[PDB]
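Participant: Got a structure for you, my_file_12.cif, holding mmCIF, N, CA and C atoms.
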```
data_model
loop_
_atom_site.group_PDB
_atom_site.id
_atom_site.type_symbol
_atom_site.label_atom_id
_atom_site.label_comp_id
_atom_site.auth_asym_id
_atom_site.auth_seq_id
_atom_site.Cartn_x
_atom_site.Cartn_y
_atom_site.Cartn_z
ATOM 1 N N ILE A 108 -256.688 -69.607 45.938
ATOM 2 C CA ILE A 108 -256.328 -69.103 44.619
ATOM 3 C C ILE A 108 -255.057 -69.752 44.106
ATOM 4 N N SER A 109 -253.974 -69.656 44.872
ATOM 5 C CA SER A 109 -252.701 -70.201 44.417
ATOM 6 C C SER A 109 -252.838 -71.675 44.032
ATOM 7 N N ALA A 110 -253.559 -72.430 44.852
ATOM 8 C CA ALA A 110 -253.822 -73.820 44.524
ATOM 9 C C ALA A 110 -254.514 -73.907 43.178
ATOM 10 N N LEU A 111 -255.568 -73.118 43.007
ATOM 11 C CA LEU A 111 -256.296 -73.102 41.743
ATOM 12 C C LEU A 111 -255.355 -72.834 40.571
ATOM 13 N N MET A 112 -254.303 -72.066 40.824
ATOM 14 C CA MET A 112 -253.376 -71.702 39.763
ATOM 15 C C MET A 112 -252.360 -72.793 39.420
ATOM 16 N N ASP A 113 -251.847 -73.533 40.395
ATOM 17 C CA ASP A 113 -250.931 -74.592 39.972
ATOM 18 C C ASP A 113 -251.774 -75.665 39.289
ATOM 19 N N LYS A 114 -253.000 -75.816 39.780
ATOM 20 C CA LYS A 114 -253.977 -76.683 39.141
ATOM 21 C C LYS A 114 -254.170 -76.232 37.704
ATOM 22 N N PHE A 115 -254.093 -74.919 37.505
ATOM 23 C CA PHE A 115 -254.220 -74.327 36.180
ATOM 24 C C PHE A 115 -253.058 -74.766 35.289
ATOM 25 N N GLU A 116 -251.824 -74.568 35.764
ATOM 26 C CA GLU A 116 -250.647 -75.024 35.014
ATOM 27 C C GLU A 116 -250.783 -76.468 34.577
ATOM 28 N N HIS A 117 -250.986 -77.353 35.547
ATOM 29 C CA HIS A 117 -251.122 -78.776 35.258
ATOM 30 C C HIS A 117 -252.191 -79.014 34.198
ATOM 31 N N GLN A 118 -253.321 -78.345 34.374
ATOM 32 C CA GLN A 118 -254.444 -78.472 33.462
ATOM 33 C C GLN A 118 -254.059 -78.189 32.013
ATOM 34 N N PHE A 119 -253.739 -76.939 31.699
ATOM 35 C CA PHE A 119 -253.404 -76.661 30.304
ATOM 36 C C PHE A 119 -252.125 -77.357 29.819
ATOM 37 N N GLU A 120 -251.295 -77.837 30.738
ATOM 38 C CA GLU A 120 -250.169 -78.676 30.347
ATOM 39 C C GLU A 120 -250.730 -79.922 29.676
ATOM 40 N N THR A 121 -251.655 -80.567 30.377
ATOM 41 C CA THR A 121 -252.370 -81.697 29.799
ATOM 42 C C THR A 121 -253.041 -81.311 28.491
ATOM 43 N N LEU A 122 -253.528 -80.078 28.382
ATOM 44 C CA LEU A 122 -254.051 -79.661 27.079
ATOM 45 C C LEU A 122 -252.976 -79.824 26.023
ATOM 46 N N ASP A 123 -251.789 -79.288 26.282
ATOM 47 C CA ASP A 123 -250.730 -79.361 25.280
ATOM 48 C C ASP A 123 -250.356 -80.784 24.903
ATOM 49 N N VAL A 124 -250.232 -81.688 25.868
ATOM 50 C CA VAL A 124 -249.926 -83.070 25.473
ATOM 51 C C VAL A 124 -251.048 -83.698 24.654
ATOM 52 N N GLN A 125 -252.296 -83.424 25.020
ATOM 53 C CA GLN A 125 -253.411 -83.844 24.178
ATOM 54 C C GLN A 125 -253.234 -83.368 22.739
ATOM 55 N N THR A 126 -252.966 -82.077 22.585
ATOM 56 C CA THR A 126 -252.697 -81.500 21.276
ATOM 57 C C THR A 126 -251.642 -82.276 20.516
ATOM 58 N N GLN A 127 -250.479 -82.430 21.132
ATOM 59 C CA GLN A 127 -249.348 -83.071 20.476
ATOM 60 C C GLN A 127 -249.691 -84.475 20.003
ATOM 61 N N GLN A 128 -250.296 -85.258 20.889
ATOM 62 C CA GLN A 128 -250.689 -86.619 20.556
ATOM 63 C C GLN A 128 -251.609 -86.638 19.354
ATOM 64 N N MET A 129 -252.680 -85.865 19.474
ATOM 65 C CA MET A 129 -253.651 -85.761 18.407
ATOM 66 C C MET A 129 -252.972 -85.480 17.090
ATOM 67 N N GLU A 130 -252.103 -84.482 17.060
ATOM 68 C CA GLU A 130 -251.491 -84.139 15.793
ATOM 69 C C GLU A 130 -250.512 -85.211 15.312
ATOM 70 N N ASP A 131 -249.929 -85.994 16.210
ATOM 71 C CA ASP A 131 -249.146 -87.124 15.717
ATOM 72 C C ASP A 131 -249.997 -88.137 14.971
ATOM 73 N N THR A 132 -251.082 -88.626 15.566
ATOM 74 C CA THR A 132 -251.831 -89.647 14.819
ATOM 75 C C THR A 132 -252.498 -89.035 13.591
ATOM 76 N N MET A 133 -253.086 -87.862 13.767
ATOM 77 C CA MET A 133 -253.688 -87.135 12.661
ATOM 78 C C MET A 133 -252.733 -86.870 11.500
ATOM 79 N N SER A 134 -251.450 -86.645 11.771
ATOM 80 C CA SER A 134 -250.506 -86.431 10.671
ATOM 81 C C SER A 134 -249.813 -87.692 10.206
ATOM 82 N N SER A 135 -249.962 -88.790 10.937
ATOM 83 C CA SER A 135 -249.442 -90.059 10.441
ATOM 84 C C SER A 135 -250.488 -90.886 9.708
ATOM 85 N N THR A 136 -251.750 -90.478 9.771
ATOM 86 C CA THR A 136 -252.784 -91.145 8.982
ATOM 87 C C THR A 136 -252.865 -90.655 7.537
ATOM 88 N N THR A 137 -252.768 -89.349 7.332
ATOM 89 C CA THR A 137 -252.874 -88.803 5.985
ATOM 90 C C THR A 137 -251.509 -88.677 5.317
ATOM 91 N N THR A 138 -250.475 -89.189 5.971
ATOM 92 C CA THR A 138 -249.097 -88.914 5.572
ATOM 93 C C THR A 138 -248.667 -89.449 4.227
ATOM 94 N N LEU A 139 -249.489 -90.263 3.588
ATOM 95 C CA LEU A 139 -249.157 -90.725 2.247
ATOM 96 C C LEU A 139 -249.229 -89.580 1.256
ATOM 97 N N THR A 140 -250.050 -88.588 1.576
ATOM 98 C CA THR A 140 -250.300 -87.489 0.662
ATOM 99 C C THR A 140 -249.307 -86.346 0.833
ATOM 100 N N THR A 141 -248.320 -86.533 1.701
ATOM 101 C CA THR A 141 -247.277 -85.520 1.890
ATOM 102 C C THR A 141 -245.928 -86.180 2.112
ATOM 103 N N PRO A 142 -245.289 -86.626 1.028
ATOM 104 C CA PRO A 142 -243.975 -87.255 1.138
ATOM 105 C C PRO A 142 -242.981 -86.289 1.746
ATOM 106 N N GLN A 143 -241.889 -86.777 2.314
ATOM 107 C CA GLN A 143 -240.889 -85.871 2.852
ATOM 108 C C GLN A 143 -240.021 -85.321 1.731
ATOM 109 N N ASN A 144 -239.652 -86.202 0.809
ATOM 110 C CA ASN A 144 -238.817 -85.848 -0.330
ATOM 111 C C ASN A 144 -239.397 -84.713 -1.164
ATOM 112 N N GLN A 145 -240.665 -84.860 -1.518
ATOM 113 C CA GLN A 145 -241.374 -83.865 -2.299
ATOM 114 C C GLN A 145 -241.295 -82.498 -1.634
ATOM 115 N N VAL A 146 -241.629 -82.443 -0.349
ATOM 116 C CA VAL A 146 -241.561 -81.193 0.401
ATOM 117 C C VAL A 146 -240.151 -80.625 0.412
ATOM 118 N N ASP A 147 -239.150 -81.486 0.553
ATOM 119 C CA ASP A 147 -237.770 -81.019 0.473
ATOM 120 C C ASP A 147 -237.517 -80.286 -0.829
ATOM 121 N N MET A 148 -237.751 -80.954 -1.953
ATOM 122 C CA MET A 148 -237.464 -80.317 -3.235
ATOM 123 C C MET A 148 -238.312 -79.078 -3.473
ATOM 124 N N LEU A 149 -239.508 -79.041 -2.905
ATOM 125 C CA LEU A 149 -240.333 -77.853 -3.054
ATOM 126 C C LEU A 149 -239.714 -76.682 -2.330
ATOM 127 N N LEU A 150 -239.445 -76.888 -1.052
ATOM 128 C CA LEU A 150 -238.931 -75.832 -0.208
ATOM 129 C C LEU A 150 -237.608 -75.323 -0.746
ATOM 130 N N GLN A 151 -236.832 -76.218 -1.347
ATOM 131 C CA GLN A 151 -235.573 -75.830 -1.972
ATOM 132 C C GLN A 151 -235.836 -74.985 -3.211
ATOM 133 N N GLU A 152 -236.777 -75.464 -4.019
ATOM 134 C CA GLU A 152 -237.242 -74.777 -5.217
ATOM 135 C C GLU A 152 -237.565 -73.326 -4.922
ATOM 136 N N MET A 153 -238.307 -73.101 -3.845
ATOM 137 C CA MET A 153 -238.662 -71.749 -3.462
ATOM 138 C C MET A 153 -237.620 -71.169 -2.525
ATOM 139 N N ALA A 154 -236.535 -71.898 -2.302
ATOM 140 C CA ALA A 154 -235.433 -71.354 -1.518
ATOM 141 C C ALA A 154 -234.482 -70.579 -2.413
ATOM 142 N N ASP A 155 -233.873 -71.268 -3.377
ATOM 143 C CA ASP A 155 -232.877 -70.630 -4.245
ATOM 144 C C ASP A 155 -233.396 -69.367 -4.925
ATOM 145 N N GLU A 156 -234.609 -69.408 -5.463
ATOM 146 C CA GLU A 156 -235.140 -68.244 -6.170
ATOM 147 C C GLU A 156 -235.991 -67.337 -5.281
ATOM 148 N N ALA A 157 -235.979 -67.595 -3.979
ATOM 149 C CA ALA A 157 -236.971 -67.052 -3.055
ATOM 150 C C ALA A 157 -237.297 -65.577 -3.225
ATOM 151 N N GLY A 158 -236.274 -64.735 -3.276
ATOM 152 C CA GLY A 158 -236.497 -63.302 -3.354
ATOM 153 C C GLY A 158 -236.245 -62.724 -4.734
ATOM 154 N N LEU A 159 -236.030 -63.599 -5.707
ATOM 155 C CA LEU A 159 -235.681 -63.169 -7.053
ATOM 156 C C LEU A 159 -236.903 -62.719 -7.843
ATOM 157 N N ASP A 160 -238.054 -63.304 -7.528
ATOM 158 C CA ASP A 160 -239.303 -63.022 -8.233
ATOM 159 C C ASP A 160 -239.169 -63.213 -9.739
ATOM 160 N N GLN B 55 -251.786 -80.213 -1.034
ATOM 161 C CA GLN B 55 -252.806 -79.754 -1.955
ATOM 162 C C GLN B 55 -252.579 -80.342 -3.331
ATOM 163 N N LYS B 56 -251.332 -80.392 -3.779
ATOM 164 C CA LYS B 56 -251.113 -80.905 -5.127
ATOM 165 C C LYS B 56 -251.412 -82.409 -5.215
ATOM 166 N N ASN B 57 -250.839 -83.217 -4.326
ATOM 167 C CA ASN B 57 -251.164 -84.643 -4.384
ATOM 168 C C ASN B 57 -252.647 -84.943 -4.213
ATOM 169 N N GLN B 58 -253.344 -84.168 -3.393
ATOM 170 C CA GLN B 58 -254.784 -84.328 -3.328
ATOM 171 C C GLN B 58 -255.375 -84.049 -4.682
ATOM 172 N N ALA B 59 -254.878 -83.017 -5.357
ATOM 173 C CA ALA B 59 -255.376 -82.724 -6.691
ATOM 174 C C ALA B 59 -255.274 -83.966 -7.560
ATOM 175 N N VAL B 60 -254.113 -84.615 -7.551
ATOM 176 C CA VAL B 60 -253.990 -85.881 -8.280
ATOM 177 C C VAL B 60 -255.031 -86.912 -7.860
ATOM 178 N N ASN B 61 -255.108 -87.204 -6.569
ATOM 179 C CA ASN B 61 -256.000 -88.252 -6.086
ATOM 180 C C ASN B 61 -257.472 -88.037 -6.453
ATOM 181 N N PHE B 62 -258.014 -86.887 -6.061
ATOM 182 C CA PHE B 62 -259.367 -86.529 -6.466
ATOM 183 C C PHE B 62 -259.538 -86.656 -7.963
ATOM 184 N N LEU B 63 -258.640 -86.053 -8.728
ATOM 185 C CA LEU B 63 -258.872 -85.986 -10.158
ATOM 186 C C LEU B 63 -258.928 -87.404 -10.723
ATOM 187 N N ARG B 64 -258.162 -88.309 -10.123
ATOM 188 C CA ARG B 64 -258.195 -89.709 -10.531
ATOM 189 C C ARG B 64 -259.574 -90.313 -10.266
ATOM 190 N N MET B 65 -260.087 -90.104 -9.057
ATOM 191 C CA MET B 65 -261.441 -90.572 -8.771
ATOM 192 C C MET B 65 -262.441 -90.024 -9.776
ATOM 193 N N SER B 66 -262.283 -88.755 -10.126
ATOM 194 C CA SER B 66 -263.155 -88.147 -11.112
ATOM 195 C C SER B 66 -263.112 -88.934 -12.396
ATOM 196 N N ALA B 67 -261.914 -89.325 -12.811
ATOM 197 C CA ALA B 67 -261.789 -90.146 -14.009
ATOM 198 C C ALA B 67 -262.610 -91.414 -13.907
ATOM 199 N N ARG B 68 -262.260 -92.269 -12.958
ATOM 200 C CA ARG B 68 -262.879 -93.591 -12.954
ATOM 201 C C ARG B 68 -264.403 -93.533 -12.754
ATOM 202 N N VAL B 69 -264.842 -92.778 -11.753
ATOM 203 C CA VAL B 69 -266.272 -92.562 -11.558
ATOM 204 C C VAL B 69 -266.941 -92.049 -12.828
ATOM 205 N N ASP B 70 -266.288 -91.143 -13.545
ATOM 206 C CA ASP B 70 -266.845 -90.687 -14.815
ATOM 207 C C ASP B 70 -267.028 -91.850 -15.765
ATOM 208 N N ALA B 71 -266.059 -92.756 -15.806
ATOM 209 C CA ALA B 71 -266.163 -93.902 -16.712
ATOM 210 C C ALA B 71 -267.390 -94.750 -16.404
ATOM 211 N N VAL B 72 -267.527 -95.161 -15.150
ATOM 212 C CA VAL B 72 -268.726 -95.905 -14.776
ATOM 213 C C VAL B 72 -269.986 -95.119 -15.101
ATOM 214 N N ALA B 73 -269.936 -93.807 -14.923
ATOM 215 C CA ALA B 73 -271.077 -92.966 -15.253
ATOM 216 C C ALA B 73 -271.445 -93.117 -16.719
ATOM 217 N N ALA B 74 -270.433 -93.137 -17.572
ATOM 218 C CA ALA B 74 -270.658 -93.312 -18.995
ATOM 219 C C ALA B 74 -271.321 -94.645 -19.270
ATOM 220 N N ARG B 75 -270.750 -95.725 -18.750
ATOM 221 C CA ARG B 75 -271.330 -97.018 -19.082
ATOM 222 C C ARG B 75 -272.757 -97.153 -18.553
ATOM 223 N N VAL B 76 -273.039 -96.582 -17.385
ATOM 224 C CA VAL B 76 -274.411 -96.565 -16.881
ATOM 225 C C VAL B 76 -275.329 -95.808 -17.837
ATOM 226 N N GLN B 77 -274.869 -94.658 -18.326
ATOM 227 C CA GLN B 77 -275.608 -93.912 -19.350
ATOM 228 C C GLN B 77 -275.997 -94.812 -20.507
ATOM 229 N N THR B 78 -275.001 -95.485 -21.071
ATOM 230 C CA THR B 78 -275.267 -96.428 -22.145
ATOM 231 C C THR B 78 -276.323 -97.433 -21.721
ATOM 232 N N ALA B 79 -276.229 -97.936 -20.496
ATOM 233 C CA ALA B 79 -277.185 -98.934 -20.023
ATOM 234 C C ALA B 79 -278.618 -98.420 -20.027
ATOM 235 N N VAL B 80 -278.825 -97.223 -19.497
ATOM 236 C CA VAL B 80 -280.153 -96.623 -19.517
ATOM 237 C C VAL B 80 -280.692 -96.405 -20.921
ATOM 238 N N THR B 81 -279.932 -95.723 -21.776
ATOM 239 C CA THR B 81 -280.438 -95.448 -23.120
ATOM 240 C C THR B 81 -280.753 -96.743 -23.855
ATOM 241 N N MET B 82 -279.881 -97.727 -23.693
ATOM 242 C CA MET B 82 -280.148 -99.062 -24.199
ATOM 243 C C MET B 82 -281.486 -99.575 -23.688
ATOM 244 N N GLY B 83 -281.753 -99.345 -22.408
ATOM 245 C CA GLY B 83 -283.020 -99.735 -21.818
ATOM 246 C C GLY B 83 -284.206 -99.125 -22.537
ATOM 247 N N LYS B 84 -284.204 -97.801 -22.666
ATOM 248 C CA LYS B 84 -285.254 -97.103 -23.405
ATOM 249 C C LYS B 84 -285.474 -97.692 -24.788
ATOM 250 N N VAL B 85 -284.386 -97.860 -25.536
ATOM 251 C CA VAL B 85 -284.499 -98.398 -26.882
ATOM 252 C C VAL B 85 -285.140 -99.777 -26.858
ATOM 253 N N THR B 86 -284.736 -100.613 -25.908
ATOM 254 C CA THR B 86 -285.301 -101.955 -25.807
ATOM 255 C C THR B 86 -286.800 -101.928 -25.560
ATOM 256 N N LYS B 87 -287.223 -101.184 -24.538
ATOM 257 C CA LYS B 87 -288.650 -101.083 -24.236
ATOM 258 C C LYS B 87 -289.430 -100.618 -25.446
ATOM 259 N N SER B 88 -289.064 -99.457 -25.976
ATOM 260 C CA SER B 88 -289.800 -98.896 -27.099
ATOM 261 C C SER B 88 -289.865 -99.861 -28.283
ATOM 262 N N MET B 89 -288.775 -100.582 -28.511
ATOM 263 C CA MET B 89 -288.730 -101.527 -29.609
ATOM 264 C C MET B 89 -289.706 -102.665 -29.355
ATOM 265 N N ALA B 90 -289.756 -103.141 -28.117
ATOM 266 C CA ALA B 90 -290.731 -104.165 -27.767
ATOM 267 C C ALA B 90 -292.119 -103.655 -28.082
ATOM 268 N N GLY B 91 -292.339 -102.390 -27.751
ATOM 269 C CA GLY B 91 -293.592 -101.725 -28.054
ATOM 270 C C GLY B 91 -293.979 -101.813 -29.517
ATOM 271 N N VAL B 92 -293.077 -101.411 -30.412
ATOM 272 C CA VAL B 92 -293.442 -101.442 -31.824
ATOM 273 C C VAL B 92 -293.636 -102.871 -32.304
ATOM 274 N N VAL B 93 -292.817 -103.808 -31.837
ATOM 275 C CA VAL B 93 -293.001 -105.191 -32.265
ATOM 276 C C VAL B 93 -294.376 -105.702 -31.873
ATOM 277 N N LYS B 94 -294.831 -105.354 -30.676
ATOM 278 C CA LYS B 94 -296.135 -105.842 -30.248
ATOM 279 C C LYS B 94 -297.290 -105.157 -30.962
ATOM 280 N N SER B 95 -297.424 -103.842 -30.816
ATOM 281 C CA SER B 95 -298.513 -103.153 -31.500
ATOM 282 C C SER B 95 -298.575 -103.552 -32.961
ATOM 283 N N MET B 96 -297.421 -103.552 -33.618
ATOM 284 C CA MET B 96 -297.383 -103.952 -35.011
ATOM 285 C C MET B 96 -297.820 -105.398 -35.174
ATOM 286 N N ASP B 97 -297.575 -106.243 -34.179
ATOM 287 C CA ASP B 97 -297.973 -107.645 -34.312
ATOM 288 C C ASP B 97 -299.484 -107.814 -34.235
ATOM 289 N N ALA B 98 -300.088 -107.263 -33.190
ATOM 290 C CA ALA B 98 -301.530 -107.383 -33.022
ATOM 291 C C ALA B 98 -302.266 -106.616 -34.114
ATOM 292 N N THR B 99 -301.560 -105.723 -34.796
ATOM 293 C CA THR B 99 -302.140 -105.073 -35.956
ATOM 294 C C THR B 99 -301.696 -105.836 -37.201
ATOM 295 N N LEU B 100 -300.880 -106.867 -37.017
ATOM 296 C CA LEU B 100 -300.516 -107.729 -38.137
ATOM 297 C C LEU B 100 -301.424 -108.953 -38.173
ATOM 298 N N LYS B 101 -302.185 -109.152 -37.102
ATOM 299 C CA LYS B 101 -303.087 -110.300 -37.040
ATOM 300 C C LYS B 101 -304.394 -110.053 -37.791
ATOM 301 N N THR B 102 -304.964 -108.856 -37.661
ATOM 302 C CA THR B 102 -306.184 -108.521 -38.398
ATOM 303 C C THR B 102 -305.905 -107.875 -39.756
ATOM 304 N N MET B 103 -304.659 -107.465 -39.957
ATOM 305 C CA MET B 103 -304.210 -106.868 -41.209
ATOM 306 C C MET B 103 -303.474 -107.897 -42.081
ATOM 307 N N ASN B 104 -303.493 -109.162 -41.667
ATOM 308 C CA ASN B 104 -302.687 -110.193 -42.318
ATOM 309 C C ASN B 104 -302.831 -110.169 -43.824
ATOM 310 N N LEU B 105 -301.711 -110.355 -44.508
ATOM 311 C CA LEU B 105 -301.536 -109.938 -45.893
ATOM 312 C C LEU B 105 -302.651 -110.305 -46.875
ATOM 313 N N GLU B 106 -303.297 -111.445 -46.664
ATOM 314 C CA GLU B 106 -304.354 -111.896 -47.560
ATOM 315 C C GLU B 106 -305.479 -110.870 -47.672
ATOM 316 N N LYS B 107 -305.968 -110.402 -46.532
ATOM 317 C CA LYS B 107 -307.030 -109.404 -46.513
ATOM 318 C C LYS B 107 -306.605 -108.128 -47.225
#
```
Please lay out the structure from this file as structure tokens.
Facilitator:
Amino acid sequence: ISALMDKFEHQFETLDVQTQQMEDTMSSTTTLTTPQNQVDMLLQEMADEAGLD
Amino acid sequence: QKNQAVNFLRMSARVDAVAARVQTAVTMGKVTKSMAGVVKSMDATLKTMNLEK
């Protein structure tokens, strides 16, 4: 059992790195459609007036 | 979502334009065929109906 469990840790650890990698290429391919600057000014836009409604 | 809105909507524009010109092409086609039709029927009916008779 214990062996099966450290095997478990290692296993889903590899899951997480798979995830991370995938999301890097996946978010660097469509990245033309989400500038950094635009998001900055947006988040700021909804920052200053955030709770003012 | 917003930049996608721009991109898609742009495609909608240009594709719509080609759609229009294709429309013109088809209707032009119909007119051409039908016109050929009247020129011919009227011609073969202009041979036995020739003005002297």
Participant: Report as a list in words the full result of the PyMOL selection byres ((chain A) within 8 of (chain B)) when it is applied to this structure.
Facilitator: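 Expected selection for the PyMOL selection byres ((chain A) within 8 of (chain B)) here is residues 139, 140 and 141 of chain A.
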Participant: Interatomic distance between atom C of residue A:132 and atom C of residue A:113?
Facilitator: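 We find that atom C of residue A:132 and atom C of residue A:113 lie 29.0 Å from each other.
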Participant: Report, in Å with one decimal, the straight-line distance from atom CA of residue B:96 to atom CA of residue B:80.
Facilitator: 24.3 Å
Participant: Around stretch 63-66 of chain B, with edges along x, y and z and 6 Å added on all six sides, what centre and edge lengths do you get, in Å to one decimal, as lines of an AutoDock Vina configuration file?
Facilitator:
```
center_x = -260.7
center_y = -88.3
center_z = -10.6
size_x = 17.0
size_y = 16.6
size_z = 15.7
```
Participant: Could I get stretch 82-95 of chain B rebuilt with N, CA, C and O atoms, written as a PDB file, in the coordinates of the input?
Facilitator:
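rebuild18.pdb was written with the following content:
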```
ATOM      1  N   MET B  82    -279.881 -97.727 -23.693  1.00  0.00           N
ATOM      2  CA  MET B  82    -280.148 -99.062 -24.199  1.00  0.00           C
ATOM      3  C   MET B  82    -281.486 -99.575 -23.688  1.00  0.00           C
ATOM      4  O   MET B  82    -282.263-100.163 -24.437  1.00  0.00           O
ATOM      5  N   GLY B  83    -281.753 -99.345 -22.408  1.00  0.00           N
ATOM      6  CA  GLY B  83    -283.020 -99.735 -21.818  1.00  0.00           C
ATOM      7  C   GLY B  83    -284.206 -99.125 -22.537  1.00  0.00           C
ATOM      8  O   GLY B  83    -285.108 -99.847 -22.973  1.00  0.00           O
ATOM      9  N   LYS B  84    -284.204 -97.801 -22.666  1.00  0.00           N
ATOM     10  CA  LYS B  84    -285.254 -97.103 -23.405  1.00  0.00           C
ATOM     11  C   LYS B  84    -285.474 -97.692 -24.788  1.00  0.00           C
ATOM     12  O   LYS B  84    -286.612 -97.985 -25.179  1.00  0.00           O
ATOM     13  N   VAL B  85    -284.386 -97.860 -25.536  1.00  0.00           N
ATOM     14  CA  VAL B  85    -284.499 -98.398 -26.882  1.00  0.00           C
ATOM     15  C   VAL B  85    -285.140 -99.777 -26.858  1.00  0.00           C
ATOM     16  O   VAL B  85    -286.014-100.067 -27.671  1.00  0.00           O
ATOM     17  N   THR B  86    -284.736-100.613 -25.908  1.00  0.00           N
ATOM     18  CA  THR B  86    -285.301-101.955 -25.807  1.00  0.00           C
ATOM     19  C   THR B  86    -286.800-101.928 -25.560  1.00  0.00           C
ATOM     20  O   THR B  86    -287.558-102.567 -26.285  1.00  0.00           O
ATOM     21  N   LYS B  87    -287.223-101.184 -24.538  1.00  0.00           N
ATOM     22  CA  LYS B  87    -288.650-101.083 -24.236  1.00  0.00           C
ATOM     23  C   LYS B  87    -289.430-100.618 -25.446  1.00  0.00           C
ATOM     24  O   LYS B  87    -290.337-101.310 -25.907  1.00  0.00           O
ATOM     25  N   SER B  88    -289.064 -99.457 -25.976  1.00  0.00           N
ATOM     26  CA  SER B  88    -289.800 -98.896 -27.099  1.00  0.00           C
ATOM     27  C   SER B  88    -289.865 -99.861 -28.283  1.00  0.00           C
ATOM     28  O   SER B  88    -290.897 -99.976 -28.962  1.00  0.00           O
ATOM     29  N   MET B  89    -288.775-100.582 -28.511  1.00  0.00           N
ATOM     30  CA  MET B  89    -288.730-101.527 -29.609  1.00  0.00           C
ATOM     31  C   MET B  89    -289.706-102.665 -29.355  1.00  0.00           C
ATOM     32  O   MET B  89    -290.411-103.101 -30.263  1.00  0.00           O
ATOM     33  N   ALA B  90    -289.756-103.141 -28.117  1.00  0.00           N
ATOM     34  CA  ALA B  90    -290.731-104.165 -27.767  1.00  0.00           C
ATOM     35  C   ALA B  90    -292.119-103.655 -28.082  1.00  0.00           C
ATOM     36  O   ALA B  90    -292.957-104.376 -28.626  1.00  0.00           O
ATOM     37  N   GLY B  91    -292.339-102.390 -27.751  1.00  0.00           N
ATOM     38  CA  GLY B  91    -293.592-101.725 -28.054  1.00  0.00           C
ATOM     39  C   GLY B  91    -293.979-101.813 -29.517  1.00  0.00           C
ATOM     40  O   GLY B  91    -295.089-102.264 -29.840  1.00  0.00           O
ATOM     41  N   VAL B  92    -293.077-101.411 -30.412  1.00  0.00           N
ATOM     42  CA  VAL B  92    -293.442-101.442 -31.824  1.00  0.00           C
ATOM     43  C   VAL B  92    -293.636-102.871 -32.304  1.00  0.00           C
ATOM     44  O   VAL B  92    -294.551-103.127 -33.075  1.00  0.00           O
ATOM     45  N   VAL B  93    -292.817-103.808 -31.837  1.00  0.00           N
ATOM     46  CA  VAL B  93    -293.001-105.191 -32.265  1.00  0.00           C
ATOM     47  C   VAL B  93    -294.376-105.702 -31.873  1.00  0.00           C
ATOM     48  O   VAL B  93    -295.052-106.353 -32.669  1.00  0.00           O
ATOM     49  N   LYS B  94    -294.831-105.354 -30.676  1.00  0.00           N
ATOM     50  CA  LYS B  94    -296.135-105.842 -30.248  1.00  0.00           C
ATOM     51  C   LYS B  94    -297.290-105.157 -30.962  1.00  0.00           C
ATOM     52  O   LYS B  94    -298.075-105.834 -31.624  1.00  0.00           O
ATOM     53  N   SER B  95    -297.424-103.842 -30.816  1.00  0.00           N
ATOM     54  CA  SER B  95    -298.513-103.153 -31.500  1.00  0.00           C
ATOM     55  C   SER B  95    -298.575-103.552 -32.961  1.00  0.00           C
ATOM     56  O   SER B  95    -299.641-103.890 -33.482  1.00  0.00           O
TER      57      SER B  95
END
```
